[PDB]
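J.: This structure is in structure tokens; I'll ask about it shortly.
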Amino acid sequence: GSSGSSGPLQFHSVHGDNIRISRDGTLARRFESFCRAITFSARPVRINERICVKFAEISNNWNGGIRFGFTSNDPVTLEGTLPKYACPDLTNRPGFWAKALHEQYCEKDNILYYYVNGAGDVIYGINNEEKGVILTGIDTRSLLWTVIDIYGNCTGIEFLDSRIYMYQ
């Protein structure tokens, strides 16, 4: 709610119990606790639509890692109604995808970007360096939304505009 600047990609109202999403422009930071820390996309991104996320804050003490994927249902139908974790709950369900990232790419000041092709293949990359198809099974018929859980080696995350970086 509040603010504006329609166009760019930002965080959706729906967020974990202990998730404070608010910044001068757009950023998602944790409030407290450990569990309950799921987040979705503010607007429906397209297949080729590339997404970027700069790791603002990182946690180096807890155990586990983060998760990133796509979904079918709308993020508005999940607001104030999310599970305790991002899986198997947020995954086994019909039309839900999620994957984990390596520890080598779990640092601060790192730009985590990832997209999907017409072959339902999701490819990610760090520091403008793709890694390949990490997630699959993504449909390309109807709208789609992204998903990201911050619980482990990450605290704050700021979504960037791929339009500013990418060009091709």
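Residues in the structure tokens are numbered from 1 in each chain, the chains being A, B, ... in the order shown, and ligands are numbered from 1 in the order shown.
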Tell me which protein, DNA and RNA residues are within 8 Å of residue A:95, counting only C-alpha atoms, leaving out same-chain ones fewer than 6 positions away, and put them as a list in words.

T.: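 Once the nearby chain positions are removed, what remains is residues 71, 72 and 73 of chain A.
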
J.: I'd like to know which residues of stretch 12-120 of chain A are helix (DSSP H, G or I) (by DSSP, run on the backbone); could you write them as a compact mmCIF listing (two decimals) with C-alpha atoms, in the first residue's frame?

T.:
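Printed below is out18.txt as written:
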```
# COMPACT_ATOMS: atom_id res chain seq x y z
CA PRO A 75 -0.09 -13.59 -4.38
CA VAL A 76 -3.16 -11.70 -3.17
CA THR A 77 -4.93 -14.96 -2.36
CA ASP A 89 3.85 -26.92 1.46
CA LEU A 90 4.75 -24.22 -1.07
CA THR A 91 5.89 -26.70 -3.72
CA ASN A 92 3.90 -29.94 -3.73
CA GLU A 103 26.35 -21.27 -0.68
CA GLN A 104 29.00 -19.99 -3.09
CA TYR A 105 26.41 -17.53 -4.40
```

J.: Do a neighbour search on stretch 33-35 of chain A at 12 Å with only C-alpha atoms, toss out local chain neighbours closer than 5 positions, and write the hits as a ChimeraX atom specification.

T.: /A:16-20,59,61-66,82-86,149-155

J.: Pull the strand (DSSP E or B) assignments for chain A out of DSSP run on the backbone, and list those residues as number ranges by chain.

T.: A: 11-15, 19-21, 28-30, 38-41, 51-57, 67-71, 96, 99-100, 111-116, 121-126, 130-136, 145-149, 156-160

J.: Might you pull out every residue within 7 Å of residue A:51, with only C-alpha atoms counted and same-chain residues fewer than 2 positions away left off, and present them as a list in words?

T.: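 Those residues are residues 49, 53, 113, 114, 115 and 162 of chain A.
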
J.: Selected residues, N, CA, C and O atoms, written as a CSV table (one decimal), in the first residue's frame, please.

T.:
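Saved file out.csv follows:
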```csv
chain,number,residue,atom,x,y,z
A,49,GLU,N,10.6,-12.2,-19.3
A,49,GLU,CA,10.8,-11.1,-18.4
A,49,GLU,C,11.9,-11.5,-17.3
A,49,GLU,O,11.7,-12.4,-16.5
A,53,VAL,N,17.6,-9.4,-8.3
A,53,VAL,CA,17.4,-9.1,-6.8
A,53,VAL,C,18.8,-9.0,-6.1
A,53,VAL,O,19.6,-10.0,-6.1
A,113,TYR,N,19.9,-12.7,-10.3
A,113,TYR,CA,18.9,-12.6,-11.4
A,113,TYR,C,18.6,-13.9,-12.0
A,113,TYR,O,19.5,-14.8,-12.0
A,114,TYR,N,17.4,-14.1,-12.4
A,114,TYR,CA,16.9,-15.3,-13.0
A,114,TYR,C,15.7,-15.1,-13.8
A,114,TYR,O,14.8,-14.3,-13.5
A,115,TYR,N,15.5,-15.9,-14.9
A,115,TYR,CA,14.3,-15.8,-15.7
A,115,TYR,C,13.9,-17.2,-16.3
A,115,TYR,O,14.4,-18.2,-15.8
A,162,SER,N,15.6,-5.2,-14.1
A,162,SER,CA,16.4,-5.8,-15.2
A,162,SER,C,16.5,-4.9,-16.4
A,162,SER,O,17.5,-5.0,-17.1
```

J.: Would you kindly return, as a list in words, each protein, DNA or RNA residue with an atom no farther than 7 Å from any atom of stretch 142-148 of chain A, considering only C-alpha atoms and excluding same-chain residues fewer than 3 positions away?

T.: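 In the requested format, the answer is residues 38, 39, 40, 41, 44, 45, 67, 68, 69, 70, 71 and 72 of chain A.
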
J.: Keeping N, CA and C atoms for every residue in the selection just given, could you write it to a file as a JSON list (two decimals), in the first residue's frame?

T.:
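Output contents, as saved in result-v1.json:
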```
[["chain", "number", "residue", "atom", "x", "y", "z"],
["A", 38, "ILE", "N", 8.26, -15.85, 3.92],
["A", 38, "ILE", "CA", 8.01, -16.05, 2.50],
["A", 38, "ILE", "C", 7.58, -14.76, 1.82],
["A", 39, "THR", "N", 7.97, -14.59, 0.56],
["A", 39, "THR", "CA", 7.62, -13.39, -0.19],
["A", 39, "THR", "C", 7.30, -13.74, -1.64],
["A", 40, "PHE", "N", 6.45, -12.93, -2.27],
["A", 40, "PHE", "CA", 6.07, -13.15, -3.65],
["A", 40, "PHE", "C", 6.31, -11.89, -4.49],
["A", 41, "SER", "N", 5.92, -11.95, -5.76],
["A", 41, "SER", "CA", 6.11, -10.83, -6.67],
["A", 41, "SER", "C", 4.91, -9.88, -6.62],
["A", 44, "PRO", "N", 2.71, -9.68, -11.99],
["A", 44, "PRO", "CA", 2.97, -10.87, -12.81],
["A", 44, "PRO", "C", 4.02, -10.62, -13.88],
["A", 45, "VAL", "N", 5.14, -11.34, -13.78],
["A", 45, "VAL", "CA", 6.22, -11.20, -14.75],
["A", 45, "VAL", "C", 6.04, -12.15, -15.92],
["A", 67, "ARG", "N", 15.17, -19.83, -0.87],
["A", 67, "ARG", "CA", 14.50, -20.53, -1.96],
["A", 67, "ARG", "C", 13.89, -19.54, -2.95],
["A", 68, "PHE", "N", 13.88, -19.92, -4.23],
["A", 68, "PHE", "CA", 13.34, -19.06, -5.27],
["A", 68, "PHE", "C", 12.70, -19.90, -6.38],
["A", 69, "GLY", "N", 11.52, -19.48, -6.83],
["A", 69, "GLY", "CA", 10.83, -20.20, -7.88],
["A", 69, "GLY", "C", 9.64, -19.43, -8.42],
["A", 70, "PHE", "N", 8.69, -20.15, -9.00],
["A", 70, "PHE", "CA", 7.49, -19.54, -9.56],
["A", 70, "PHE", "C", 6.23, -20.17, -8.99],
["A", 71, "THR", "N", 5.08, -19.60, -9.33],
["A", 71, "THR", "CA", 3.80, -20.10, -8.84],
["A", 71, "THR", "C", 2.69, -19.84, -9.85],
["A", 72, "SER", "N", 1.51, -20.41, -9.59],
["A", 72, "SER", "CA", 0.37, -20.23, -10.48],
["A", 72, "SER", "C", -0.68, -19.32, -9.85]]
```

J.: Given the choices A:43, A:36, A:54, A:29, which gets closest to residue A:106 if the distance is worked out from only C-alpha atoms?

T.: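 Under the stated criterion, the closest residue is A:54.
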
J.: Extract, using only C-alpha atoms, all DNA, RNA and protein residues at most 10 Å from residue A:137, discarding same-chain residues fewer than 2 positions from it, and format them as a list in words.

T.: residues 70, 95, 96, 97, 119, 120, 121, 122, 135, 139 and 140 of chain A

J.: Could the residues in this selection be saved with C-alpha atoms as a short mmCIF file (atom, residue, chain, number, x, y, z; two decimals), in the first residue's frame?

T.:
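In the end it all went to out04.cif:
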```cif
data_model
loop_
_atom_site.label_atom_id
_atom_site.label_comp_id
_atom_site.auth_asym_id
_atom_site.auth_seq_id
_atom_site.Cartn_x
_atom_site.Cartn_y
_atom_site.Cartn_z
CA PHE A 70 7.49 -19.54 -9.56
CA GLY A 95 1.23 -24.94 -9.82
CA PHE A 96 4.10 -24.19 -7.45
CA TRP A 97 7.85 -24.31 -8.07
CA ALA A 119 10.56 -24.17 -22.76
CA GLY A 120 9.45 -23.85 -19.15
CA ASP A 121 13.13 -23.72 -18.25
CA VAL A 122 14.18 -21.34 -15.48
CA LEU A 135 14.30 -25.21 -12.30
CA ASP A 139 4.07 -23.49 -17.73
CA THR A 140 3.84 -20.60 -20.19
#
```
